[PDB]
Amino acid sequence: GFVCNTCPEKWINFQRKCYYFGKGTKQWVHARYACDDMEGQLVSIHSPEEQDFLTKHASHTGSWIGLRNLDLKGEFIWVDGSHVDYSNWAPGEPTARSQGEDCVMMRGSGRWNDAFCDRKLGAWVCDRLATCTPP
């Protein structure tokens, strides 16, 4: 057996992961470190079910997530190194011609927009793996 749904206080479980819905005005790199210093990382998203869960708890005024154009060539990848095997980009996003808009945020609808990394948003989402109880 082995059930993996234990999360630290203040975190919320969904499937095998734990999620922290942070509040407080931050630009992307600041949110990146807030997550890191809590033993998590800016969230990566891998299914409709996981997106649906995030949308349910998402801040209405937008949140930083863990997707960024790290290689500076137009390919948006997860900072946690996980596979890009799902997307919820808003229609037309990411824009082909938007130099500098390398960071990614999630709107209240849950759909993703690129953004200048120094934009200030009032929310940001972290994740980490849940720990497990022995059967």
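Sequential numbering from 1, following the sequence displayed.
Once the C-alpha B-factors are averaged per stretch, 28-36 and 85-93 rank with 85-93 first. The stretch 52-60 shows the higher mean C-alpha B-factor when 52-60 is compared against 100-108 in the entry.
When the C-alpha B-factors of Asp127, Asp114, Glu9, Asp118 are ranked from the entry, the top spot goes to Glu9. Placement of the Cα temperature factor of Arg68 within the chain: lowest third of the modelled residues, per the deposited record.
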